[PDB]
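Below you'll find only one chain, the form deposited in one PDB entry, shown as structure tokens.
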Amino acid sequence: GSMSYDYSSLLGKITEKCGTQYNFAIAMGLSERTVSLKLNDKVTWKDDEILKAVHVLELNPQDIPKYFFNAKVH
């Protein structure tokens, strides 16, 4: 979130693969409405949700703490 990862490194990959959060949604199979909740700060990803992003974005499960570790801390 604004505290603990503004997802800047992630967003780069998002742009690199999809373009934008909008397109992220599209590729992931989510709606922008939902993405902008989850990929923002309210609805922090579950492990399978992380995994699905990894599948789209082509990330690695070990490279995860760099993108999504806490990304929320309260």
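Residue numbers here begin at 1 and follow the sequence given.
The form deposited with a partner chain bound is left out here; the points below concern that form.
Notebook entry, point to check: Just one of 25, 56, 50, 11 has a heavy atom within 4.5 angstroms of its partner chain in the entry with it bound, so which one?
Noted result: It is 50.
Next item on the list: Verify the contact flag for residue 64: yes if a non-hydrogen atom of it lies within 4.5 Å of a non-hydrogen atom of its partner chain in the entry with it bound, no if not.
Entry: Taking the distances in the entry with it bound, the answer for residue 64 is yes, it comes within 4.5 Å of its partner chain.
Note to self: Within 4.5 Å, heavy atoms only: does residue 44 come near its partner chain in the entry with it bound?
What the structure shows: The answer is yes: residue 44 has a heavy atom within 4.5 Å of its partner chain.
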